[PDB]
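By convention in this document, chain letters (A, B, ...) are assigned in the order of the sequence lines, proteins followed by strands, and residues within each chain are numbered from 1. Atom set for the values below is all heavy atoms of this structure, side chains included, hydrogens, waters and symmetry mates excluded.
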There are 2 protein chains.
Amino acid sequence: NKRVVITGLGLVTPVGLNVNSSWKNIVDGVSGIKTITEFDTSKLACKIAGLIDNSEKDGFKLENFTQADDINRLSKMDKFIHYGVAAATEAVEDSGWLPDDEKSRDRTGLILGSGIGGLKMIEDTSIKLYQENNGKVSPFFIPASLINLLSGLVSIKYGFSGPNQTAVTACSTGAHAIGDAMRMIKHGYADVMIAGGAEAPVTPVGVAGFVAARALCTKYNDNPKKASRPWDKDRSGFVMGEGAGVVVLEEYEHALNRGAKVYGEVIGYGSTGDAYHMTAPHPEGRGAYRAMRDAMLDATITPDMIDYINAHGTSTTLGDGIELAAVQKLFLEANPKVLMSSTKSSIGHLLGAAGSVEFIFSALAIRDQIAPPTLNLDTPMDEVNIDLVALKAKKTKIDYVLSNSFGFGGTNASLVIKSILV
Amino acid sequence: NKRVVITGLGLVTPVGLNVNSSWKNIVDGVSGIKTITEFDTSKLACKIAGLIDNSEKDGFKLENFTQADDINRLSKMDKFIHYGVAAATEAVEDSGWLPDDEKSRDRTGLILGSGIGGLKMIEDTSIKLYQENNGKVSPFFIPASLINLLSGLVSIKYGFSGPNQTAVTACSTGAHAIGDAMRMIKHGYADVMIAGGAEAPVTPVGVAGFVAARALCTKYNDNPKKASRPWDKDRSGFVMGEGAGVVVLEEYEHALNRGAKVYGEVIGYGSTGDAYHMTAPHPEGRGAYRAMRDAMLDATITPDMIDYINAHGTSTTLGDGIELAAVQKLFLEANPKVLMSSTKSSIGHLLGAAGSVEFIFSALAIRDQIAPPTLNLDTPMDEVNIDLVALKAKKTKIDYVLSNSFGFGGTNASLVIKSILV
Ligand SMILES: [K+]
Ligand SMILES: [K+]
Ligand code: NA
């Protein structure tokens, strides 16, 4: 029964193309939510999103992380794969794990997911086939669209020949991927795992879909950076975002033996279902409560021990209130000083990438002893009874962190990380 | 480590709407491959598929497995979800596991997947939005398209509130789902798991996709039942199919304590990556060989002990030969009498549902002491040195079965099942 540590981080987010720029911006209270410009939004009620920089000079480019020979093939893939490969490349390079022997490669697996996957690829390819009406699509269409080709391409890139798998659980995806990858190492099936989520869901049919589900904030289109306001009384839905978050997990002795960087230990994983509704959260938050609770029981810790909670915290009316009541039920009496914040206040809701991106932020809170802010928390809902780190980052003692993710289908995942020295 | 048994089976396949009809037809040498009629194939080079019966009288209907009040909501979902819910409903009812109590519901999880998921839903919805250009899609679009809403809806139907997860690994999906579900029970995180795969990939953009990848047989459109011919010299690509295969897995004592029917014990699981190519299988079969080898090591058995192998066996030129050479390398010296067959010879390639459907066939081969035929094996390739059960089913002693699934991204899964009598 093996201990599992975090030895590499990778990020592509609406506030940075790597971990260092993203985290500086999160901590400084910078928002990455912007006006959509790449397609016509004149008929869409929501006109904003958390978007990856694509300026000529500083923007996201395949060449920044891909050798000249591999650019062509990568460019044929859906953007979720671009983002995923870029985050994984950063994580792998950060970890120093570049095995060149068979055993080490065979003991390296991957669990990389997306909630929706190759949405733009399928949308564009479908429309184009309808237009040309010649029965012909690109030879690259299938692999470009498949959720598992993110794991495929990272595997190919580094020769990782262990389990080649995914998690796909809507807005919980990135968390399940990391939890499942931890379990794989815990039980001895792999020594190193590349894990997380990636998403590129900001397309015409994607935004229209979430608008039709009434999930999105549609009333701050003139002031995009004010839209995502978890637990604020003017909240009225989430803001979609895009990007990826990938980590290297590693068996603890293995990491120590090669001199790896060690950010923290993954000690608890809760995974539950609401069993209630396709899109609406359990009215009593039963699934969310149980995931948090089980994560801590799995860790053999008590709720007083948590210092900081990175919430799911999407800026929905129902969801934020249900999460807040579940958290307060679990933590208020035993840990009235606990901090909780939503970084979706800054970058929006990256859907299947949310959980992994936020797992990374959680690890960085431990590294830097700082809780990132809930931006836009100007008028907190009445039920609030804990510190939600409104507006500005707060330096504090952070030894244990809980991170939550919930998704459509009632699927819930919670992860507990601990600092090494405590 | 808990022992894990199979206590329920569910099938929707091109040769039957349930397990009994499907299995009778498989054994009897019936083919479910037919001409595509639901959409215009005049510009598609492949015009055939393994298709679920949809006649007025005997065809697939939601009503057959869905209470009147739930039909409307289910009908908004993609067909992969319809097929998945149908197979899971059969499996759950077959197992008798219909807990009313909270503890039991909380210990019941799901790992239900698809390779491509809601392809028709995304394709249709994208085209229709492009046409209407009014910023509006159905409110049901997002959940109807999400892979994890199969697990979501089955969870809701039965109140199963344990882990609510998926596996998504292209053509290996159904095998990884079952293997992961077994591991979940093995290590104590659940007592019962609903697991498998579902796929509805036969759409205009789906077929065009696989044609463009040069994956499909395009030479037997006038004789559909002859197209899928694994290891036959005239093979020239796979035939796409649709359906689902779902099982109930259960911790052994738990099953015994409630008097469950027990089909077999899942004893081995291998999961590997080729790390070679997006779509082409490793030319030396390294990933496939290792998955088989590891599945047997994981089972603590030796290769002489396997009686029957349900191959991946898709009817491709390279793939069939690679699998054959890997199988013969592993088995020929120690087990020259081993039987191997591909049931894709009858129903085609159900992509993400293939592995779970074939896992079910594997269990039934044990139940009925019969190996299903490789149809169309008229002129075996020269390399063949084992019994491929050409043309007609063969009764024999079957106590241990190996089942393989390989997919794009170089992902490989092998499962070993044994008779519970030993
Ligand atoms: K979180
Ligand atoms: K098989
Ligand atoms: Na034998």
Spell out, as yes or no, whether a donor-acceptor pair under 3.5 Å connects the side chain of [X] to the backbone of [Y].
X	Y	answer
A:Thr166	B:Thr169	no
B:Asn148	A:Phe408	yes
A:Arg290	B:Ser161	yes

Non-hydrogen atoms of chain B under 4.5 Å away: do they reach the side chain of A:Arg105, the backbone, both or neither?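 Looking at A:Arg105, nothing touches chain B.
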Does [X] have more than 12 heavy atoms from other residues, nucleotides or ligands lying within 6.0 Å of its [atom1]?
X	atom1	answer
B:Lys136	NZ	no
A:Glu102	CD	yes
A:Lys186	NZ	yes
B:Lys128	NZ	no

Is the shortest heavy-atom distance from the side chain of B:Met278 to the side chain of A:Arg73 under 4.5 Å?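 Touching, per the 4.5 Å side-chain cut-off.
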Does any part of the side chain of B:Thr272, heavy atoms only, come nearer than 4.5 Å to the side chain of A:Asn164, both counted from C-beta?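 They are not in contact (no side-chain heavy atoms under 4.5 Å apart), so the answer is no.
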Shorter than 4.5 Å, heavy atoms on both sides: which option in A:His277, A:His187, A:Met77, A:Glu123 has the most such pairs with chain B?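 The candidate making the most pairs under 4.5 Å is A:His187.
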Do you know which of [options] has the most heavy-atom pairs with chain A at a distance under 4.5 angstrom?
options	value
B:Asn1, B:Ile147, B:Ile122	B:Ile122
B:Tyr158, B:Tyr189, B:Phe140	B:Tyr189
B:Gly407, B:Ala170, B:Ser145, B:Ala213	B:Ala170
B:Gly270, B:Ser126, B:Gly152, B:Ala413	B:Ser126
B:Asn412, B:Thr125, B:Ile116, B:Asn133	B:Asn133
B:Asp274, B:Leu110, B:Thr173, B:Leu146	B:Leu146

Please report the shortest heavy-atom distance between [X] and [Y], naming the atom on each side.
X	Y	value
A:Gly135	B:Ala208	O-CB, 3.8 Å
A:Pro143	B:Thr279	CG-CG2, 3.9 Å
B:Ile156	A:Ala275	CG1-C, 3.8 Å

Could you verify whether a donor N or O on one side chain and an acceptor N or O on the other, from B:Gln131 and A:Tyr130, lie under 3.5 Å apart?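 There is such a pair between these side chains.
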Indicate whether the side chain of B:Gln165 and that of A:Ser271 have a donor and an acceptor atom separated by less than 3.5 Å.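 Side chains of B:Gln165 and A:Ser271: pair found under 3.5 Å.
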Starting at CG of A:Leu44, measure out to CG of B:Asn134 and round the result to the nearest 0.5 Å.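 Result: 10.0 Å between the selected atoms.
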Residues A:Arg286 and B:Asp106 bridged, charged N to O under 4.0 Å: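 Salt bridge: yes.
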Where does B:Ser138 contact chain A at under 4.5 Å (heavy atoms): side chain, backbone, both or neither?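 Just the backbone, heavy atoms under 4.5 Å.
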